[PDB]
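# Reading the structure
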Amino acid sequence: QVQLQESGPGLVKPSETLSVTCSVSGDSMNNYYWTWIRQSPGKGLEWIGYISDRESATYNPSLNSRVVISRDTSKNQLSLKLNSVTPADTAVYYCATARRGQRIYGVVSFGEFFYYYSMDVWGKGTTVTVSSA
Amino acid sequence: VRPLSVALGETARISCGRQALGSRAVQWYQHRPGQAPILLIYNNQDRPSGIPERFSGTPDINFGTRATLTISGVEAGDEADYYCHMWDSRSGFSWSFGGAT
Amino acid sequence: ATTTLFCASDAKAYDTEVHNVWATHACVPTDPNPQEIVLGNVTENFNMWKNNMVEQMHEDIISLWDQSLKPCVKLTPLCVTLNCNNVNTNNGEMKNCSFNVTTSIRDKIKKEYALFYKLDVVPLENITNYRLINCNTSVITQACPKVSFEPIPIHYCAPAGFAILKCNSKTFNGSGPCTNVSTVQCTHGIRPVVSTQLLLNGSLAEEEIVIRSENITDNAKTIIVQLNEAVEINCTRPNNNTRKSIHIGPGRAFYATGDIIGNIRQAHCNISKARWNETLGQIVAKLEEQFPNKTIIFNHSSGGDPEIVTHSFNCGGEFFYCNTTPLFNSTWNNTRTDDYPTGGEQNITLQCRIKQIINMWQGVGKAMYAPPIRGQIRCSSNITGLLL
Amino acid sequence: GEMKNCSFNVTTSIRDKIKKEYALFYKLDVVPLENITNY
Ligand SMILES: *[C@@H]1O[C@H](CO)[C@@H](O[C@@H]2O[C@H](CO)[C@@H](O[C@@H]3O[C@H](CO[C@H]4O[C@H](CO)[C@@H](O)[C@H](O[C@H]5O[C@H](CO)[C@@H](O)[C@H](O)[C@@H]5O)[C@@H]4O)[C@@H](O)[C@H](O[C@H]4O[C@H](CO)[C@@H](O)[C@H](O)[C@@H]4O[C@H]4O[C@H](CO)[C@@H](O)[C@H](O)[C@@H]4O)[C@@H]3O)[C@H](O)[C@H]2NC(C)=O)[C@H](O)[C@H]1NC(C)=O
Ligand SMILES: *[C@@H]1O[C@H](CO)[C@@H](O[C@@H]2O[C@H](CO)[C@@H](O[C@@H]3O[C@H](CO[C@H]4O[C@H](CO)[C@@H](O)[C@H](O)[C@@H]4O)[C@@H](O)[C@H](O[C@H]4O[C@H](CO)[C@@H](O)[C@H](O)[C@@H]4O[C@H]4O[C@H](CO)[C@@H](O)[C@H](O)[C@@H]4O)[C@@H]3O)[C@H](O)[C@H]2NC(C)=O)[C@H](O)[C@H]1NC(C)=O
Ligand SMILES: *[C@@H]1O[C@H](CO)[C@@H](O[C@@H]2O[C@H](CO)[C@@H](O[C@@H]3O[C@H](CO)[C@@H](O)[C@H](O)[C@@H]3O)[C@H](O)[C@H]2NC(C)=O)[C@H](O)[C@H]1NC(C)=O
Ligand SMILES: *[C@@H]1O[C@H](CO)[C@@H](O[C@@H]2O[C@H](CO)[C@@H](O[C@@H]3O[C@H](CO)[C@@H](O)[C@H](O)[C@@H]3O)[C@H](O)[C@H]2NC(C)=O)[C@H](O)[C@H]1NC(C)=O
Ligand SMILES: *[C@@H]1O[C@H](CO)[C@@H](O[C@@H]2O[C@H](CO)[C@@H](O[C@@H]3O[C@H](CO)[C@@H](O)[C@H](O)[C@@H]3O)[C@H](O)[C@H]2NC(C)=O)[C@H](O)[C@H]1NC(C)=O
Ligand SMILES: *[C@@H]1O[C@H](CO)[C@@H](O[C@@H]2O[C@H](CO)[C@@H](O)[C@H](O)[C@H]2NC(C)=O)[C@H](O)[C@H]1NC(C)=O
Ligand SMILES: *[C@@H]1O[C@H](CO)[C@@H](O[C@@H]2O[C@H](CO)[C@@H](O)[C@H](O)[C@H]2NC(C)=O)[C@H](O)[C@H]1NC(C)=O
Ligand SMILES: *[C@@H]1O[C@H](CO)[C@@H](O[C@@H]2O[C@H](CO)[C@@H](O)[C@H](O)[C@H]2NC(C)=O)[C@H](O)[C@H]1NC(C)=O
Ligand SMILES: *[C@@H]1O[C@H](CO)[C@@H](O[C@@H]2O[C@H](CO)[C@@H](O)[C@H](O)[C@H]2NC(C)=O)[C@H](O)[C@H]1NC(C)=O
Ligand SMILES: *[C@@H]1O[C@H](CO)[C@@H](O[C@@H]2O[C@H](CO)[C@@H](O)[C@H](O)[C@H]2NC(C)=O)[C@H](O)[C@H]1NC(C)=O
Ligand SMILES: *[C@@H]1O[C@H](CO)[C@@H](O)[C@H](O)[C@H]1NC(C)=O
Ligand SMILES: *[C@@H]1O[C@H](CO)[C@@H](O)[C@H](O)[C@H]1NC(C)=O
Ligand SMILES: *[C@@H]1O[C@H](CO)[C@@H](O)[C@H](O)[C@H]1NC(C)=O
Ligand SMILES: *[C@@H]1O[C@H](CO)[C@@H](O)[C@H](O)[C@H]1NC(C)=O
Ligand SMILES: *[C@@H]1O[C@H](CO)[C@@H](O)[C@H](O)[C@H]1NC(C)=O
Ligand SMILES: *[C@@H]1O[C@H](CO)[C@@H](O)[C@H](O)[C@H]1NC(C)=O
Ligand SMILES: *[C@@H]1O[C@H](CO)[C@@H](O)[C@H](O)[C@H]1NC(C)=O
Ligand SMILES: *[C@@H]1O[C@H](CO)[C@@H](O)[C@H](O)[C@H]1NC(C)=O
Ligand SMILES: *[C@@H]1O[C@H](CO)[C@@H](O)[C@H](O)[C@H]1NC(C)=O
């Protein structure tokens, strides 16, 4: 049994530094892969990236590398750091787990495979608005 | 979007986005209105615990054809919004979850 | 003596009126009951290294390749300036080139698109901009489709008043006498397989593997190894690629490659490990008598062109260029080694690569453009000997 | 003179570029075509 608990500021000012923490309840963070998913209203979901056991991360180039995913393994909490936020970053946020998956289609030794990720355990939901008011 | 809300007992079909262009590995999701998005299908057919056998998918003959979720025997707990995460070895990356439905 | 020799090829073929490349319409049908006179106490001496039949066959094979692709398309209007990009894969070996060409009416102009390989291009001098591989030193000629390359056997017959002698000794080197000699008028069923580094659809020896050289102490003499049990190889090319048809001038069409439908894969060959281990182990037991003090190692070849240092052959229409670095590793002292890990996997793989433009027999003014084969390719050859 | 130093545009081995070349050759190999002597 694992539970995810979003906790952020709720409302901030633009062109500043933001931080949202997903408290994890049920397992230590060193066994899972972690991710955040933002949802602009009306449009589809967006995947900002991931973080792994050996600090493996590849952030979204459309996020323009303004994000650094931070972690609190002592309190068992998944945090987030993001600077110079824009009013287009107003989105419903989610924290979620990730699993390993490998697809093979030719001979393996030539490197004809790739990796894909599934998200099974989802958060509960929060809303952070980047607005001048 | 195309609305497909027939009285219960029929078979529904929802198609995904881009033409195929290589071997795929496509996910599916269940975003209930006002709720969190819930994983349904990974690896084009595989089904985790807690989902009935009424859902199926599309194999990897892909090669220019569309991916499709199929819901045979639609019930009352089958009305949500479904997304479509994309992967193929030939067309680059993905950072969005496909066109909404 | 020394004379001319003529072809003989029987009628298991010759039901279709097609012309492949080794004419077979002008080949006389061979005899169903070939007479072999076993001679008496007759001792003739043979010399493998001074034989006129070899130079006759070399001149014949060059002239047969020169008969065809004389009434074929010249690709002189194709040495022009080529743009390029890479193929739209994730984020290469084939290029998507584009070029201006004059049309069939020499008053207008046309823009085209074609995919073909690296190893068939040379860079010209930012936008990358280049030209084709061999269009400043040679006139280049497209081979026709519906013209076959399959190596059907050739018998050599001697005219009346002549005869061919034949060695029947089991273990016979080069350049020695014999004591079991037969006579025929018509040779073995010899197949014109053009290949480097290895001998594919050949003839096997009997009860031993036999090593031949002219002067084995001299290191500038090549060594011919003939096995006694075959070692099967299984090559392929897994790409479902189409073909275009660009028309250049009056009644002359040019056949390029179109798109690729599916994945992008390489062109492996899968030789077996334990079987070839047995073969390479019993070669060196015969090698350790000609040099009976030393360790012997098998090292790979030396740099250079891809069509000299690699195993090159013809696989149903394309020309493969696999390199044999996974084969020739090892080091042997007492007919044992530790260079194969006795575990992990079988099936030693090899990396091929495809090449359209070929100037086999080392020509300096002539080339050839093999048009693409539509579909997928398999060979399953039958390795019988090798050249060290 | 019985020699002539001549220059001419040539279309080279690659059928897009124009080269300019020089050669000496004899009289009795020329015909005058029509000041610059242009034959
Ligand atoms: C020279 O030698 C080399 C090796 O040295 C050979 O290279 C081999 O090439 C083949 C392809 O030609 C490679 O096969 C690929 O392997 C993938 C992984 O195989 C395993 O997958 C899982 C484990 O993760 C197992 O379930 C599988 O076992 C089952 O299937 C096999 C099938 O024969 C049975 O024999 C077994 O008993 C099991 O029943 C394998 O162990 C494999 O996934 C892949 O197949 C998928 O992809 C193709 C692409 O089109 C599909 O056609 C196919 O249907 C598979 O698709 C799966 O997923 C989709 C959706 O996700 C579903 O719709 C499907 O139903 C299916 O579930 C492919 O077969 C092989 O890996 C490779 N060897 C090595 C070591 O890399 C060369 O061929 C050889 N060349 C020559 C000329 O001889
Ligand atoms: C299209 O082509 C692009 C090529 O540009 C390709 O991008 C490549 O994606 C892969 C997949 O993520 C990348 O490979 C991984 O990179 C991570 C992280 O390293 C990068 O990031 C850090 C900063 O975060 C940099 O400092 C670093 O230099 C790299 O840039 C690695 O952690 C990965 O290692 C795992 O995979 C290996 C291969 O199997 C394993 O051997 C290894 O151990 C890791 O696997 C896991 O193993 C165990 C399983 O549980 C576990 O114990 C381990 O801890 C570990 O988690 C891997 O190197 C690659 O860097 C990208 N390419 C480039 C140039 O950056 C796309 O993927 C491709 N897309 C498609 C669809 O084909
Ligand atoms: C095939 O032939 C055509 C003939 O038109 C070539 O087209 C050339 O395209 C370039 C790029 O548009 C043209 O350059 C132009 O230069 C002016 C001057 O600065 C600039 O203002 C324009 O915006 C443009 O850049 C060029 O005029 C045009 N024609 C020629 C004769 O060069 C084409 O490049 C050829 N393709 C190949 C692969 O050879
Ligand atoms: C000689 O040729 C052979 C190929 O037949 C080469 O052997 C290959 O060596 C590599 C590295 O030593 C092996 O890769 C590793 O194998 C181990 C064993 O399973 C595995 O645990 C690793 O993950 C990795 O795959 C490779 O398997 C092996 N190939 C075969 C067919 O066994 C060898 O490197 C060449 N050179 C010499 C000097 O021996
Ligand atoms: C070979 O081809 C070149 C191509 O450039 C020819 O060059 C030409 O040279 C003449 C003389 O310099 C150029 O004439 C120009 O005329 C204007 C107007 O009077 C004047 O202001 C300039 O100073 C210059 O004299 C001409 O533009 C130039 N290009 C072309 C296309 O004709 C060269 O003459 C050719 N040689 C032979 C032997 O045909
Ligand atoms: C092939 O084997 C024959 C043996 O029958 C070799 O012939 C003898 O070679 C020795 C050493 O060169 C000479 O002294 C003899 O005079 C040769 N003849 C006979 C009848 O013994 C022959 O040299 C071998 N050839 C090669 C290339 O190894
Ligand atoms: C090679 O490049 C050409 C560039 O023109 C490609 O041709 C165009 O491809 C687009 C993409 O679908 C089509 O919409 C156009 O109709 C094509 N033609 C033209 C004249 O623009 C071609 O597809 C590329 N081939 C490969 C294999 O990448
Ligand atoms: C196989 O041959 C290559 C060269 O053909 C050898 O490579 C040399 O290795 C030595 C090792 O110290 C280097 O100093 C040289 O620079 C390498 N190149 C050349 C051209 O000599 C290689 O050692 C040989 N392998 C074996 C096992 O003998
Ligand atoms: C022949 O194939 C072999 C495969 O083992 C190639 O050898 C290695 O190729 C990799 C490719 O990047 C190099 O990094 C290594 O340095 C090569 N040598 C070894 C000992 O691993 C070899 O390059 C191929 N030959 C040619 C001409 O491409
Ligand atoms: C013929 O005329 C050409 C004119 O270009 C001469 O070629 C040039 O000669 C000068 C003087 O030696 C050199 O500096 C140049 O490098 C030459 N080439 C060019 C392209 O200008 C040529 O020497 C003349 N020949 C004779 C016999 O008079
Ligand atoms: C060959 O030699 C044997 C033994 O010397 C002799 O008897 C025989 O007649 C010879 N000729 C033939 C044709 O066998
Ligand atoms: C043709 O071009 C290539 C590369 O530019 C060069 O290696 C070759 O020598 C050239 N041939 C001649 C005859 O100039
Ligand atoms: C000579 O070779 C023929 C080939 O069939 C064989 O029948 C014959 O027995 C051989 N003779 C000797 C003496 O070995
Ligand atoms: C063979 O090669 C050696 C080494 O060069 C040489 O001394 C000898 O004369 C050659 N010929 C013969 C018949 O041994
Ligand atoms: C190759 O592509 C053609 C294109 O239509 C198709 O008809 C054929 O079935 C394909 N072959 C394979 C083995 O996929
Ligand atoms: C090789 O020569 C040495 C002397 O240098 C000798 O003792 C040895 O027996 C020779 N090798 C073999 C296999 O006889
Ligand atoms: C020769 O063989 C011995 C034992 O057979 C082995 O220990 C040694 O490594 C081999 N090589 C050399 C150079 O002695
Ligand atoms: C190759 O053959 C030798 C000698 O029989 C043996 O020691 C070695 O284990 C063999 N290797 C493999 C991979 O079978
Ligand atoms: C690959 O290895 C297997 C043994 O595992 C063998 O039976 C098979 O013939 C090999 N494939 C070839 C030689 O193509």
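What counts and what doesn't
Numbering of residues starts from 1 on every chain and follows the written order of that chain's sequence, so it may differ from the entry's own numbering; residues lacking coordinates are omitted. Numbering of ligands from 1 and lettering of chains from A proceed in the order in which they are written. A larger assembly contains the chains shown, yet all values here describe just the shown part. Remark: hydrogens and water are excluded; side-chain values derive from all non-hydrogen atoms of the structure. Residues with missing side-chain atoms are left out of burial classes, side-chain pairs and their counts. Distances are taken per atom, and a residue is near a molecule or strand as soon as one of its heavy atoms is within 4 Å of it. Whenever two N or O atoms come within 3.5 Å, that pair is a polar contact, provided that in protein one can donate a hydrogen and the other can accept it, and provided that, for residues adjacent in sequence, both atoms are side-chain atoms. Strands are runs of DSSP state E lasting at least 2 residues, helices are runs of H or I lasting at least 4, and numbering of each runs from the N terminus. Here's how the labels work: a residue is buried when its accessible area is under 20% of the maximum for its type, exposed when over 50%, partly exposed in between, all with a 1.4 Å probe on protein chains only. By the convention used here, residues are in contact when the closest approach between their heavy atoms is within 4.5 Å. When the centres of two rings from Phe, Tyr and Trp lie within 6.5 Å, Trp using its six-membered ring, the rings pair. Their planes under 30 degrees apart give stacked, over 60 give edge-to-face, and anything left gives tilted. Comment: the charge-over-ring label is applied if NZ (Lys) or CZ (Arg) is within 6 Å of the ring centre and within 35 degrees of the ring normal. Here the Shrake-Rupley method, with its probe set to 1.4 Å, supplies the accessible areas, and only the displayed protein chains count as covering residues. In this classification, the charged set is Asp, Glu, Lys and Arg, the nonpolar set is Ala, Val, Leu, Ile, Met, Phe, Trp, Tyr, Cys and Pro, and all remaining amino acids, among them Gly, are polar. A patch is a set of surface residues, each over 30% in relative accessible area and not in a salt bridge, joined within 9 Å for like charges and within 5 Å for the nonpolar side chains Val, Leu, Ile, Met, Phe, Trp and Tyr. Within this document, salt bridges are pairs made up of a side-chain nitrogen of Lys or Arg and a carboxyl oxygen of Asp or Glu, the two lying within 4 Å of each other. The term buried area refers to how much accessible surface (probe radius 1.4 Å) is lost by two components on association, counted for both of them together. Here, strands pair whenever DSSP counts at least two bridges between them. Only the stretch in contact is used when fitting a helix axis, every axis being a line fitted to C-alpha atoms; angles between N-to-C directions are given from 0 to 180 degrees. Helices are assigned an expected span. That span is 1.5 Å times one less than the residue count.

The next point concerns the site of ligand 1. The immediate surroundings of ligand 1 are formed by 13 residues, with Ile104(A), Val108(A), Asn43(B), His268(C) and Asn270(C) found nearest. The environment of ligand 1 is shared, with nearby residues belonging to chains A, B and C. At 3.3 Å from an oxygen atom of ligand 1 is found a side-chain nitrogen or oxygen belonging to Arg103(A). The separation between an oxygen atom of ligand 1 and a polar main-chain atom of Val108(A) is 3.0 Å.

With that settled, consider the side chain of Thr35(A). Residues and elements named next belong to chain A. Here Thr35 is to be found in strand β4 (residues 33-39). Given a relative accessible area of 1%, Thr35 falls into the buried group. A polar contact is formed between the side chain of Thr35 and the side chain of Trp47, at a distance of 2.7 Å. Non-local contacts of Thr35, meaning those with residues more than four positions away in its chain, are made with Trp47, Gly49, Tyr50, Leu78, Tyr94, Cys95, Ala96, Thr97 and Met119.

What follows concerns the arrangement of the chains. In this assembly, four pairs of chains are in contact, and the pair with the greatest number of contacts comprises chains A and B. A gap remains between chain A and chain D, with no contact made and the closest C-alpha atoms lying 38 Å from each other. Structurally, chain B and chain D remain out of contact, their C-alpha atoms never closer than 36 Å.

Another point: the packing of aromatic side chains. Enumeration according to the criterion identifies 18 aromatic pairs over all chains in this entry. Arranged with centres 6.3 Å apart and planes meeting at 50°, the rings of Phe298(C) and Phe328(C) form a pair that is tilted. Highlighted residues: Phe298(C) in the loop between β20 (296-297) and α3 (306-309) and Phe328(C) in the loop between β22 (318-322) and β23 (331-332), separated in sequence by 30 residues. The class of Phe328(C) is buried, set by a relative accessible area of 15%. In textbook terms, an aromatic cluster arises when at least three aromatic residues are bridged by ring pairs, as seen for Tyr33(A), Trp47(A), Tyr50(A), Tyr117(A) and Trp95(B). The ring of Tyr42(B) has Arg99(A) sitting right over it, with the charged end atom 5.3 Å from the ring centre.

Attention now moves to the site of ligand 7. Residue and element names in this part refer to chain C. Inspection of the region around ligand 7 gives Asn88, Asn96, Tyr113, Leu115 and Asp259 as its neighbouring residues. A distance of 3.3 Å is found between an oxygen atom of ligand 7 and a side-chain nitrogen or oxygen belonging to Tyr113. Burial of ligand 7 by the protein chains amounts to 36% of its free accessible area of 580 Å². Considering only residue class, the shell around ligand 7 consists of two nonpolar, two polar and one charged.

Nonpolar side chains collect at one region of the surface, where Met3(D), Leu24(D) and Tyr26(D) lie side by side and expose about 340 Å² of accessible area between them. Its place among the elements puts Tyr26(D) in strand β2 (residues 18-26).

Next up on the list: the interface of chain C and chain B. Between chain C and chain B, the residue contacts involve eight residues of the former and seven residues of the latter. Within the side of chain C that touches chain B, the residues separate by chemical class into two nonpolar, six polar and no charged.

Moving on to the side chain of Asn76(A). Along the chain, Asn76(A) turns up in the loop between β7 (71-72) and β8 (77-78). Within the structure, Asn76(A) has its side chain in polar contact with the backbone oxygen of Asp27(A) (distance 2.5 Å).

Right, let's talk about the interface of chain B and chain A for a bit. Opposite the 20 residues of chain B that make contact, chain A presents 24 residues. Both faces combined, the contact of chain B with chain A buries some 2,000 Å², and carbon together with sulfur accounts for 66% of it. Here chain B and chain A share one salt bridge between them. Between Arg103(A) and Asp60(B) there is a salt bridge, and its shortest N-O distance comes to 2.7 Å. Linking chain B to chain A there are four residue pairs in polar contact. Elements represented by at least two residues in the side of chain B that touches chain A include exactly β2 (29-31) and β3 (37-39) of chain B.

What follows covers the sheet that holds strand β6 (residues 81-83) of chain B. Residues and elements named next belong to chain B. Pairing within the open sheet is antiparallel, and its three strands lie in the order β3-β2-β6. The outermost strands of the open sheet, each flanked by one partner alone, are β3 and β6. Averaged over all pairs of adjacent strands, the angle between strand axes in this sheet comes to 30°, irrespective of strand direction. Pairing between β2 and β3: three bridges, direction antiparallel. Bridge assignment links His31 to a residue of β3, and that residue is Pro37.

Turning our eyes to something else, we now look at helix α2 (residues 273-290) of chain C. All names here are of chain C. Under the 1.5 Å per step criterion, the end-to-end length of α2 is 27 Å for 18 residues, consistent within 8% with the ideal 26 Å. Residues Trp276, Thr279, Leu280, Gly281, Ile283, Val284, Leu287 and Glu288 constitute the buried set of α2. As for α2, its buried residues are in contact with β14 (210-212), β15 (224-233), β20 and β23.

All names here are of chain A. Here β4 pairs with strand β10 (residues 91-104) via seven bridges, running antiparallel. Note on β10: the bridge partner recorded for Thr35 is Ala96. One ladder, built from three bridges, connects β10 with strand β12 (residues 126-130); its direction is antiparallel. Paired with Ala91 across the bridge in β12 is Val128.

Moving on, we come to unusual backbone geometry. Residues and elements named next belong to chain C. You will see that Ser175, though not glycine, has its phi angle at about 60°, which is positive. Turning to its location among the elements, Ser175 is positioned in the loop between β10 (164-167) and β11 (176-177). Within the chain, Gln197 stands out as a residue other than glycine whose phi angle is a positive 70°. Within the fold, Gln197 resides in the loop between β12 (181-184) and β13 (198-199). Given a relative accessible area of 25%, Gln197 falls into the partly exposed group.

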